[PDB]
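One chain is shown next in structure tokens, namely the form deposited in one PDB entry.
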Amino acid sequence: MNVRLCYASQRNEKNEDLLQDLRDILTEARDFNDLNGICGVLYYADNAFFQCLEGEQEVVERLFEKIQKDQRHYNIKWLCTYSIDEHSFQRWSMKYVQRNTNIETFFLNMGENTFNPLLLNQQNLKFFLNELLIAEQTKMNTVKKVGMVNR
């Protein structure tokens, strides 16, 4: 049973070094996800995250349980889990997308004046996931593998 799981979270503003945290998150995500057959997308803007995970239900659920404990974010808002009809984010172990004009236009047109994904509801994910799929990935210059960031 392949599923898609989506959540939004607040970035832990206590962590001053955002750039190192984002590079560390993507290094860890891409290595673990590639090994465990998970793909998806991570959006960051306005001190908040949106993530979608795709893959085998048990692995996705165990990964989400781990992410919920991560020091780097808090106030996790679980949006949905559902059986996948197509593997939309197959191309990325973990795609990274930041604020772009299409996403800013989406938020403003529905009456939000911030781009914080905690403001999204499940119906918005129709348009928002499509925007994350078509967005140019944001390049972040991450070390080649997770072993390089520890010991």
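The term rigid core refers to the most C-alpha atoms you can superpose between the two forms while keeping them within 1.5 Å. Note that residue numbering follows the sequence shown and begins at 1.
Below: the form deposited in another entry, not depicted.
- No residue of 45, 63, 39, 120 other than 120 has its CA displaced by 2 Å or more between the shown form and the other one when the core is superposed.
- Once both forms are overlaid on the rigid core, the distance between the two CA positions of residue 83 between the shown form and the other one is under 2 angstroms.
- A movement of the C-alpha atom of residue 101 falling short of 2 angstroms is seen between the shown form and the other one when the two forms are aligned on their rigid core.
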